[PDB]
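Just so you know, the sequences run in chain order S and P.
Residue numbering for the first sequence follows this note's numbering, beginning at -6 and increasing consecutively.
Residue numbering for the second sequence follows this note's numbering, beginning at -6 and increasing consecutively.
Quick notes on the structure that follows.
Number of protein chains: 2
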Amino acid sequence: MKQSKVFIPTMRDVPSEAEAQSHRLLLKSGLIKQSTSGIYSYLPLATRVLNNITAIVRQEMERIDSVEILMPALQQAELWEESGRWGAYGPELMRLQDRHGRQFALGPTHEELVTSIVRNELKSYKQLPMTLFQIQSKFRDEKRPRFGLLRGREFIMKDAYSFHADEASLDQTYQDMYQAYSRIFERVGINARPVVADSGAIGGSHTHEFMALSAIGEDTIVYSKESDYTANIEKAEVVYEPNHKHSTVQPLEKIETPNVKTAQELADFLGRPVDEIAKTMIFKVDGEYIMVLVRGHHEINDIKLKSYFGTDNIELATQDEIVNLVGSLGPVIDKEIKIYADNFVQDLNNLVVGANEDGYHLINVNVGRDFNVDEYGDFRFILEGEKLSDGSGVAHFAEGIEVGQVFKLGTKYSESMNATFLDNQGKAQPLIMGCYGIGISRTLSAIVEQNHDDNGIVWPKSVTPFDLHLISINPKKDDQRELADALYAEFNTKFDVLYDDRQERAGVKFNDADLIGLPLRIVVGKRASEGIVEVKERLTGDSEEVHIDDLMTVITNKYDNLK
Amino acid sequence: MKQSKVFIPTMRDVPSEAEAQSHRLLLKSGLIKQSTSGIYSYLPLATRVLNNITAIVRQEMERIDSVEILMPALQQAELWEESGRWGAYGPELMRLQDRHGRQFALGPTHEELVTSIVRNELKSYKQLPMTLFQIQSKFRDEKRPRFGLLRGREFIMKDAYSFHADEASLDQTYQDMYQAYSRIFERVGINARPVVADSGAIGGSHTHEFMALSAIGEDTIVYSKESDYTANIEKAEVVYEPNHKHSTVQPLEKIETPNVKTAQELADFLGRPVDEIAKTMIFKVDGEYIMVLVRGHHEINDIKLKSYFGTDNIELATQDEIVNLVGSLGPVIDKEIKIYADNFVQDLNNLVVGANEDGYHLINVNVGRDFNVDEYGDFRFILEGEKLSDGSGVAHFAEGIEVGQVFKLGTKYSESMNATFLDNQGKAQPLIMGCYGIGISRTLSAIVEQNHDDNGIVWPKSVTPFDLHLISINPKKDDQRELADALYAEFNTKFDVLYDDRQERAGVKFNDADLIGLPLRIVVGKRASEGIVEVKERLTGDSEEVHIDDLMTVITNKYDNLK
Ligand SMILES: Nc1ncnc2c1ncn2[C@@H]1O[C@H](COP(=O)(O)OP(=O)(O)NP(=O)(O)O)[C@@H](O)[C@H]1O
Ligand SMILES: Nc1ncnc2c1ncn2[C@@H]1O[C@H](COP(=O)(O)OP(=O)(O)NP(=O)(O)O)[C@@H](O)[C@H]1O
Ligand SMILES: O=C(C[C@H]1NCCC[C@@H]1O)Cn1cnc2cc(Br)c(Cl)cc2c1=O
Ligand SMILES: O=C(C[C@H]1NCCC[C@@H]1O)Cn1cnc2cc(Br)c(Cl)cc2c1=O
Ligand SMILES: [Mg+2]
Ligand SMILES: [Mg+2]
């Protein structure tokens, strides 16, 4: 393609609101444009990268017999009522009415739709297993869209769904997908790690998330150096082995603590280490108010609380709800309320806690005497340095972007939506399901996060929108224009060449080229009359003069040796 | 792919409601499944056909420098307010609210979105022309979804938009698109004709529709045998040259006409030919009621009326609106109402018309004496046999499916949405726009309409979901299964082979194969031990025995000679 005919609105200045490097670079390089919060257009270069990603995805899906389909975005509410998700979900599910008042969801994911396709069609065990996938734009009215394509409201997902006669068959396809996902991410230029993910509040099914390792990552991976242990910090269990720090029991005492809000401020005020303070938070669990206690150097993990209580309906009590129930909160109160404490609170006595009265705290508070703990448990995040759940060694942290997930779904949808098959013994059984997804537009951004420098994007060979950037320094000069025209015709059969044929200053062409980030650059300039050009590598910045008779061999060898 | 792993829910019986052959066959062959009215899932084989169509589309777009992008479905109402389409359109535009009460349209087409992309980015004449396109699902809440993929509510469109400094540049790209569209349709196996289309009520810009010639087609193409004249029957002008059939003027007379509703019933009742009766219809044009007169053998053309009056707000008066104004209607009434008559009414005198009184009609009604005609004009459809507007010869009719359109849009959106560029002389000018579209999912159905027989689909080589159907008659037999396994491995590198490896009766495999419609079939049966198979052509039904040492050459030669 001649660059004069390709829309590439490169920017001089990136706005302050853009925080993530991938977001900043996709804007600056003229690859995406925001329509509104969380909603983007993919401009020509991004679209080519998306096409390269989806071609790799299609190869890897076909390799494991995952068969492509395309399902609708517009989905009748009645389908979502069958599963119960219509009623279970709130504003994140986008909803609308047609001209006859009939209600619809815009698909955030397709468990019901795909179940509706296969039910009473996958009728026998002889037809199983079956795996279907699509590459299709999903809709989620995210509370906080952010970081460009990393969290949109309209976004591209590759979602797959598999159907099975038994658990062993599901296990096989889950492994196939796991392996296919590893291949997909490596091929597109992402360094990713599969990590054990949380199975949800109620379920205990096997699930792994694929995490693109990057500093912008909002997930923390807990990993071992001694074993293959890798878990989301939300899931990673903390094993408690007693190590008491108890002193002589003292009488309870309310103390004045003016302008003291936080646990660390209280620690500083009393001249004590923060770990000896116990923090108290009020949660609302299935309508009932509870208290959760953790030490001052720890933080409450809501995902563990949800899994512990076995419900997703857990949230912090609001300002008004706290006042109606009881400044800094504490466990000593004359009221029927269940108090839960993290296991590591047992290492202390003479607790420092809130007084349920602004400007005050309690010291020398003791369990049994002053208040009772109903149950102890693992209600916190692991810290870096602590011993892992498998006993292999010490916990280390790495930050990650969730680029995909694999999930053993089971019979949830097939039971609720009556999707059955006749087994070996002729009896009706619900289809056993797996579901799997890659965030395609998120993955595009993750590629940029891991493949860029201070001057722009550095696209991997596998996904670069064009292979070669052919640039004329001054096309007013006949020798330069004509040589570049000839080289375009020569190289645009074997390679995809972006030919910067524009009547633009050399400096802007090179700045644009740095942003755009194609792996190899052929510069036609002052030595065109001699049949000499310059070849420049985007990754290293290495430049060399090359004569046109050698150029095909030099470019091909350089291209083949790219990662 | 092994057919045991591909979801293909072939049907024994097609429901009565499915009318169009393409709709019936896409259902019967297991290629689509309805989710609800006008909303479909594309099953594995249809998805492969769609991928083949879009690959051809992409090649032909790149050939004319039409550059791929991907724009969002979710579009803020504020954008649609800029153009005025938010207010101009009614229930066909699907609308919704997000969680903050902000209003959105689901894109039925993307003129505003694309204008928002390029405005203040295509800043100079030096950047023009620019052509962008996407392949993306559109949403239209159609009043009457029908014929499967021919009229959906969620459907795939390839929409392109071009931007220009002057009218000559627009003319060039319009011609490029016209030519590209001709190529696309021929390549995918559609016999199509470009025809002059109506430019709308207000505008007079150049537009052509591409019509897939087929009997299910709801459009009628008027064409010449002597010239290149081709027009939609909505547009095709009728030139009136007087041929009076006048008799001696008679006195007006009201006559009893019991149980006479229609013009032909009245003709039969009075013993007169139907052409001597004048029909009267009441229309509402920009709030004002009018009368339109046409002869009994003619019909009113609303598209001509809209173009004549220069407004889209024309509709028939309702039952209640007719009563408030005045059985069979007629022009003789004591009221201030404008009466328009088709030109061919002038060939008659002593008109037979309604009496504005149930059970009665008027005879011997004459213009000037009994009523006045305000204006005469071309308000009807041309009939087959009549002389064409260009004077080349006689009108012939062919039925067609509108598979695409090309349109010289001009500055409508660039004016309303302030999308300007600096011209040669440094002054701001609105971007001159073209817009173009192909219905991709409609085109898939049109391919089936033109490429099928009584036993199933007959896919063209260019778009067939697989190239070869490899079928084992009885895979319990080791020689058959093993030979078929070997041939699959041999042929699935050069070709895409669907291998019917299923443990199913031969009869169902062949019935499924006929429906599925791949061009060549390799049958492994009783002579597998001898290294002999049967090759069968789907189009002709010709079968021949072939030895496996000759099979690659025989298949390749047959495949190369397919249309
Ligand atoms: N709002 C979004 N924008 C872009 N990509 C997304 C978004 N939500 C999910 N994805 C991607 O789609 C994949 C599958 O969806 P899903 O498993 O439902 O995500 P999720 O659990 O909601 N992730 P998150 O919201 O980031 O915690 C994810 O692994 C992401 O890569
Ligand atoms: N409801 C639909 N279902 C499937 N395809 C459609 C639909 N509407 C339009 N298309 C296709 O998209 C192309 C461009 O859209 P457009 O020019 O807006 O169609 P249109 O004038 O509304 N046609 P029609 O509604 O059939 O009279 C058409 O030429 C069709 O091939
Ligand atoms: O979407 C999932 C589970 C899996 N679905 C198939 C693709 C891969 C993915 O991990 C989790 N999820 C995430 N977000 C959601 C948001 C809404 Br709104 C709804 Cl209704 C449902 C969901 C929802 O089910
Ligand atoms: O969509 C068009 C004009 C052209 N747009 C770009 C692709 C090719 C197509 O011919 C005509 N059209 C047809 N149907 C529509 C339905 C609705 Br609802 C709206 Cl808002 C707008 C429209 C509308 O503009
Ligand atoms: Mg989410
Ligand atoms: Mg329409």
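The beta-carbon is built from N, C-alpha and C at its ideal position, and this holds for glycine as well.
Would you mind stating whether S:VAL345 and S:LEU259 have Cβ atoms separated by less than 8 Å?
yes
Just to confirm before moving on: does the CB-CB distance between S:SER522 and S:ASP478 stay below 8 Å?
no
Any beta-carbon of chain P closer than 8 Å to the one on S:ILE110?
yes
Between P:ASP164, P:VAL188, P:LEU163, which has its C-alpha nearest P:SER175's C-alpha?
P:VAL188
Could you pull the DSSP bridge partners for S:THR166 from this structure?
According to DSSP, which records beta bridges pairwise, S:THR166 is partnered with nothing at all.
Validate contact between the stretch 341 to 355 of chain S and the stretch 313 to 326 of chain S using beta carbons, cut 8 Å, 3 pairs
yes
So which residues on chain P does S:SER28 lean against when the C-beta distance must stay under 9 Å?
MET64, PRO65, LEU67, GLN68, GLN69, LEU72, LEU106, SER109, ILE110
With DSSP as the reference, label P:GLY378 as helix, strand or coil.
coil
How would you label P:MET204, buried or exposed, when you count the other beta carbons within 10 angstroms and need 16 or more for buried?
buried
Counting only beta-carbon separations shorter than 8 Å, does P:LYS151 have a partner in chain S?
no
At 4 residues or longer, and completely inside the stretch 193 to 279 of chain S: list those alpha helix (DSSP H) runs for me, N to C.
256 to 263
Got a sec: is the Cβ-Cβ distance from S:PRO37 to anything in chain P below 8 Å?
yes
Excluding the 5 residues flanking residue 560 of chain S on each side, which residues of the same chain have their C-beta closer than 6 Å to its C-beta?
Missing from the structure shown is residue 560 of chain S; chain S here goes from -6 to 556 and no further.
Contact set, ligand 2 heavy atom to C-beta under 6 Å:
P:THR102, P:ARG133, P:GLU135, P:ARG144, P:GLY145, P:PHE148, P:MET150, P:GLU395, P:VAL396, P:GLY397, P:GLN398, P:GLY430, P:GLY432, P:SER434, P:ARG435
DSSP three-state call for P:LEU424: helix, strand or coil?
coil
What would DSSP say about P:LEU532, mapped onto helix, strand or coil?
coil
Is the beta carbon of P:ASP152 within less than 7 Å of some heavy atom of ligand 4?
yes
Cβ pair count under 8 Å reaching 3, the stretch 195 to 213 of chain S against the stretch 60 to 79 of chain S:
no
Is there at least one non-hydrogen atom of ligand 3 closer than 7 Å to the beta-carbon of S:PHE400?
yes
Cβ contact check for the stretch 216 to 223 of chain S and the stretch 373 to 385 of chain S: 3 or more pairs under 8 Å
yes
Within 7 Å: the Cβ of S:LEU89 and any heavy atom of ligand 7?
No copy of ligand 7 occurs in the structure displayed; its ligands are ligand 1, ligand 2, ligand 3, ligand 4, ligand 5 and ligand 6 alone.
Using 8 Å as the limit for Cβ to Cβ distance, is S:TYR492 near chain P?
no
Opposing strand residues paired with S:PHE503 [DSSP bridges]:
None, per the DSSP bridge assignment.
Which same chain residues, not among the five before or five after S:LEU298, have their C-beta less than 8 Å away from its C-beta?
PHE276, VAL278, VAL285, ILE307, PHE372
Measuring only between beta-carbons, confirm whether S:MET54 sits less than 8 Å from chain P.
no
Can you tell me which of P:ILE195, P:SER30, P:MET170 puts its alpha carbon nearest to the alpha carbon of S:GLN96?
P:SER30
Does the Cβ of P:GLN68 have 16 or more other Cβ atoms within 10 Å, making it buried, or fewer, making it exposed?
buried
Once you ignore the five residues that flank P:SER109 on each side, which residues in its own chain have a CB closer than 8 Å to its CB?
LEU72, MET410
Beta carbons nearer than 9 Å to chain P: which residues of the stretch 120 to 134 of chain S have them?
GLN120, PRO122, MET123, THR124, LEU125, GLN127, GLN129, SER130, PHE132, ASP134
If contacts are defined as beta-carbon pairs under 8 Å, then P:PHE0 and S:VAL60 qualify, I think. What distance do you get, rounded to the angstrom?
6 Å
Chain P contact residues for S:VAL60, given Cβ-Cβ distances below 8 Å
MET(-6), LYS(-2), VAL(-1), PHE0, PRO37
Any C-beta of chain S under 8 Å from that of P:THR40:
yes
Contacts around S:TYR154, its chain only, beta-carbon distance under 6 Å, and the 5 residues preceding and following it disregarded
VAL107, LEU125, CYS428
Tell me whether the beta-carbon of P:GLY141 lies closer than 8 Å to the beta-carbon of P:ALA48.
no
Exposed or buried, which one is S:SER22 when buried takes at least 16 other CB atoms within 10 Å?
buried
Mind reading off the beta-carbon distance from P:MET426 to P:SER438? Whole number of angstroms is fine, and I expect it under 8 Å.
Not really, about 29 Å apart at Cβ, beyond 8 Å.
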